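**Student:** Could you work out the structure for the sequence below:
(3 chains)
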Amino acid sequence: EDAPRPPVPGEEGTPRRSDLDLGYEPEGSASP
Amino acid sequence: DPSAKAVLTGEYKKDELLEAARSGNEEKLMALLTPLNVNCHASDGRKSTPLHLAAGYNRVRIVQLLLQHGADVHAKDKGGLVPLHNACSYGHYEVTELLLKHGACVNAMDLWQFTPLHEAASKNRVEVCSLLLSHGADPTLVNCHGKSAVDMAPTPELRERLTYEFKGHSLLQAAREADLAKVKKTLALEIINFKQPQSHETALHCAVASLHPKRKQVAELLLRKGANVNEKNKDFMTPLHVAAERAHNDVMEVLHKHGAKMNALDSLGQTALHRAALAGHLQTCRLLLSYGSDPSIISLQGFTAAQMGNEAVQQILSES
Amino acid sequence: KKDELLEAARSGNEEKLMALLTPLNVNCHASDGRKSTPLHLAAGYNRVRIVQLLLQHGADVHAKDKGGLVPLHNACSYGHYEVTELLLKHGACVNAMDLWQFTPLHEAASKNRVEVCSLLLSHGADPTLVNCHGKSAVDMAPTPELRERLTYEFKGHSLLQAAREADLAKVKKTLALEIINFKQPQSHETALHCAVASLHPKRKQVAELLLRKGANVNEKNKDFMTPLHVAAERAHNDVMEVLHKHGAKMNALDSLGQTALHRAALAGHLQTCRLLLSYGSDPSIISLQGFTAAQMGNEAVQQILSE
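**Tutor:** Numbers count the residues shown, from 1 in each chain, chains lettered A, B, ... in the order given. Below is the structure in question.
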């Protein structure tokens, strides 16, 4: 559907990552 | 207008039936419940049926009464939830059991492809997850976001539990159906006969070679848990060959007990007896003969056990 | 000329490499970029021949790039299996760590390098070791298939070690999640109980396979019933034969002090009774309520128990 899913009724009873600091990829490639 | 007034009045009773279901008011419920509204839907929001609300709010007696009086266990709300979704989302074990008893579909998918197990796993309903698994819930099914119940489980312990219990129930169900291929598939990753990638040794080879004091108990445990007693390594040595060559006589007896083949030949055409003889292990040789090792077997190099052994070995062997 | 030797290593140019390589520059680092060594570059770009030459002429397997990666990380990250084997042979540390505590196994596991992962585990790589964010290699594997394979292989290697040390308790720990004797949490049946009760025609083969894979032949369910009790009361004779063959205790007692014979007799299963007797069932056993099998059976059962 891609519309936001309503709550269920009831109640209980190259850097590695662009966003954060996780370092860098090793130099190389899977197919040079 | 008569038709419109009837619609308004019905809508009122309906709203109040829903409220009685939600709050667990049995008297009110039984006063309002008729064949015309047992499967009604709320006007607003998810448009839940009374069963959805009784399930979500842990109203066990209301759930019993609704089901007894014609409530549809498969009724979908506006988002495609069935009441099992509601019960599972909030960890209501008794309700969940009751809905399953009345035929609820354990892997029912709503419009986002969430199952009841997605709900129970995501909200850490540990006991309900176990219950769902025992009824065939599958925690590898992905929703529309590409997430399984395993992906949604908030703890490593619950993730481990989902996988373990799913495999376990899959094995039980396959056994119930005598489904030989599924039994084999569920057992594919048992580690008891894991092989060292190079030498092709198993835990039993390692155990019988061990110097440590508990080797006998360890080998016995491995065999009880399903170790192949005659597994050959890269050099075609069985655990008997390994134990015999080091005179580990305690473990040899357990091997014999478990059906170890006495006359298995290694890559050199040698029995365990050849190896015991060659090493000069007297008691090992006597034990092996008593188990029914054949002393006449000629190795690839042209030798009987006797031809490889010292004087004392030779004497043991000509008695047989 | 450093740059040129580095370029020769990256591009796999053996002639240019050997023209420039000296004992003085074999472990040089690029002055900019990631500051890799020729061995980092040769490893990352799968220049197997260059790796071999660098190693034979003194290249340092423990050399770091700017962020603490060693050549093993480069090889593993891009799945270069032969390079990986070569570096391990020359003493590369299987659990070397960069500044973010990424190991070679994190690299291979995170980039779905299935064989390299398997190789690393053979060499003692630890898939539980955590990076700086608390993530193990297992946590980083992008498919449930690699995840289960990694866990399978690590537990298998651990079982082998524990067996080498005759470490009884550690053997049991590594075996804790074996599924063959999984118990139905409430009824406590195992797969063997399910198989012998089955109405499907491959039940004999399934029971035989389960027993071969280590099923407990005398497992009790909630009611202290063994698979033999289950089979006997349903007259499933074919699986009774398999149970006997795997050493089932013929005279095991349920919670009522009954044998499988009691249950066969009570159900009136004549041939089943005969079979149980031929297997060494004891007809004289008296139940908790005070009955022998003969006392709870019809005339035909009483005749069978006589012959």
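**Student:** wait, what's in contact with the residue of chain A found nearest chain B?
**Tutor:** The shortest separation between chain A and chain B is 2.3 Å, found at residue A:10 (distances taken as CB to the nearest CB). In this view, the C-beta of every residue, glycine as well, is placed from N, C-alpha and C. Contact analysis of residue A:10 by CB atoms under 8 Å, 6 or more residues apart in numbering or on different chains lists B:53, B:55-58, B:86-87, B:89-90, B:92.
**Student:** how about 7 Å then?
**Tutor:** Residue A:10 makes contact with B:56-57, B:86, B:89-90, according to CB atoms under 7 Å, 6 or more residues apart in numbering or on different chains.
**Student:** Of these, which belong to strands?
**Tutor:** With DSSP state E as the criterion, strands contain none of the contacts of residue A:10.
**Student:** Taking chain A, what residue is nearest to chain C?
**Tutor:** Chain A approaches chain C most closely through residue A:28 (2.1 Å), counting by CB to the nearest CB.
**Student:** from memory that residue sits against residue C:45, does it?
**Tutor:** Yes. Taking CB atoms under 7 Å as the contact criterion, residue A:28 and residue C:45 are neighbours in contact, 5.2 Å apart.
**Student:** what about these two, which has more around it?
**Tutor:** Using other CB atoms under 10 Å in any protein chain shown, the more surrounded residue of residue A:28 and residue C:45 is residue A:28, with 26 against 23.
**Student:** Next, the more buried one: secondary structure please.
**Tutor:** Classification of residue A:28 into helix, strand or coil gives coil, according to DSSP: H, G, I helix; E, B strand; the rest coil.
**Student:** Now it: closest residue in space, sequence neighbours ignored.
**Tutor:** With CB to CB, 6 or more residues apart in numbering or on different chains as the criterion, residue A:28 has its nearest non-adjacent residue at 2.1 Å, and that residue is residue C:44.
**Student:** Report the contact partners of residue B:280.
**Tutor:** For residue B:280, the contacting residues are B:309-310, B:313, by CB under 7 Å, 6+ apart.
**Student:** Can you name the residue of chain B nearest chain C?
**Tutor:** For chain B, CB to the nearest CB, closest residue to chain C: residue B:226, 2.5 Å.
**Student:** And the one helix or strand residue B:251 maps to, what does it pack against?
**Tutor:** With secondary structure defined by DSSP states H and E, residue B:251 is part of helix B:249-257. Using 3 or more CB pairs under 7 Å, 6 or more residues apart in numbering or on different chains; DSSP states H and E as the contact criterion, the elements in contact with helix B:249-257 are helix B:215-224, helix B:239-245, helix B:282-290.
**Student:** Distance to residue A:22 added to those helices, as a markdown table?
**Tutor:** As requested, the helices and strands packed on helix B:249-257 are arranged in a markdown table below (distance: least, CB to CB, whole Å):
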| stretch | distance to residue A:22 |
| --- | --- |
| helix B:215-224 | 42 |
| helix B:239-245 | 47 |
| helix B:282-290 | 58 |
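**Student:** Out of those helices, flag the one nearest residue A:32.
**Tutor:** For the helices and strands packed on helix B:249-257, distance to residue A:32 was read as CB to CB. The smallest value, 45.4 Å, belongs to helix B:239-245.
**Student:** Does anything pack onto that closest one? Which helices or strands?
**Tutor:** The criterion is 3+ CB pairs under 7 Å, 6+ apart, and the helices and strands that helix B:239-245 contacts are helix B:203-209, helix B:249-257, helix B:272-279.
**Student:** Enumerate the residues of chain A near chain B.
**Tutor:** Applying CB under 7 Å from any CB of the partner chain, we find that chain A lies next to chain B at A:1, A:5-6, A:8-13.
**Student:** Name the nearest residue to the residue of chain A most remote from its centre, ignoring sequence neighbours.
**Tutor:** Outermost residue of chain A with respect to the C-alpha centroid, by CA atoms, centre = their mean, is residue A:13; its distance is 32.8 Å. Computed as CB to CB, 6+ apart, the closest residue to residue A:13 that is not its neighbour in sequence is residue B:58, at 4.8 Å.
**Student:** ok, the one you found to residue C:62 distance?
**Tutor:** Using CB to CB, to the nearest Å, one obtains 61 Å as the distance from residue B:58 to residue C:62.
**Student:** got a list of what residue B:194 touches?
**Tutor:** For residue B:194, the contact set (CB under 7 Å, 6+ apart) comprises B:202-203, C:156, C:159-160.
**Student:** where's it, which helix or strand?
**Tutor:** With secondary structure defined by DSSP H and E, residue B:194 is part of neither a helix nor a strand.
**Student:** Would you pull up the residue in chain B closest to chain A?
**Tutor:** Relative to chain A, the nearest point of chain B is residue B:56 (2.3 Å; CB to the nearest CB).
**Student:** Might one say that that residue is in contact with residue B:86?
**Tutor:** Yes. Taking CB under 7 Å as the contact criterion, residue B:56 and residue B:86 are neighbours in contact, 3.5 Å apart.
**Student:** Around chain C, pick out the residues from chain A.
**Tutor:** Of all the residues in chain A, those in contact range of chain C (CB under 7 Å from any CB) are A:22-30, A:32.
**Student:** so residue B:38 is in which element?
**Tutor:** When elements are defined using DSSP H and E, residue B:38 is found to belong to no helix and no strand.
**Student:** gap between it and residue B:84?
**Tutor:** As judged by CB to CB, residue B:38 and residue B:84 stand 18 Å apart.
**Student:** ditto for residue B:316
**Tutor:** The separation that residue B:316 has from residue B:84, given CB to CB, amounts to 72 Å.
**Student:** Ok, residue B:297 next?
**Tutor:** Here the distance between residue B:297 and residue B:84 works out to 66 Å (CB to CB).
**Student:** before we move on, what about residue B:41?
**Tutor:** 17 Å.
**Student:** before we move on, what about residue B:295?
**Tutor:** Distance from residue B:295 to residue B:84, by CB to CB: 69 Å.
**Student:** what's the answer for residue B:263, then?
**Tutor:** Separation of residue B:263 from residue B:84 (CB to CB) stands at 60 Å.
**Student:** just residue A:9 next, same as before
**Tutor:** When CB to CB is the yardstick, residue A:9 and residue B:84 sit 13 Å from each other.
**Student:** did I read that right, residue B:181 in a strand?
**Tutor:** No. Applying three-state DSSP, one finds residue B:181 to be helix, outside a strand.
**Student:** start to end distance for stretch B:285-301?
**Tutor:** Across stretch B:285-301, the straight-line distance between its terminal residues is 20 Å, by CA to CA, to the nearest Å.
**Student:** likewise stretch B:216-233?
**Tutor:** With CA to CA as the measure, the first residue of stretch B:216-233 is 20 Å from its last.
**Student:** next one: that stretch to chain centre, how far?
**Tutor:** In terms of CA atoms, centre = their mean, to the nearest Å, the centre of stretch B:216-233 is set 22 Å apart from its chain centre.
**Student:** now swap in stretch B:144-155 and tell me
**Tutor:** Between the mean C-alpha position of stretch B:144-155 and that of its chain there is a distance of 19 Å (CA atoms, centre = their mean).
**Student:** ok, residues contacting it?
**Tutor:** Stretch B:144-155 is contacted by residues B:112-113, B:115, B:117-118, B:121-122, B:124, B:139-142, B:159, B:162-163 when judged by CB under 7 Å, 6+ apart.
**Student:** Hmm, residue B:315 and residue B:286 touching each other?
**Tutor:** No. The pair formed by residue B:286 and residue B:315 falls short of the contact definition of CB under 7 Å, at 10.7 Å.
**Student:** For the contacts of residue B:280, could you give me a markdown table that also reports distance to residue A:18?
**Tutor:** Formatted as a markdown table, the entries for the contacts of residue B:280 read as follows, by distance: CB to CB, whole Å:
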| residue | distance to residue A:18 |
| --- | --- |
| B:309 | 72 |
| B:310 | 74 |
| B:313 | 73 |
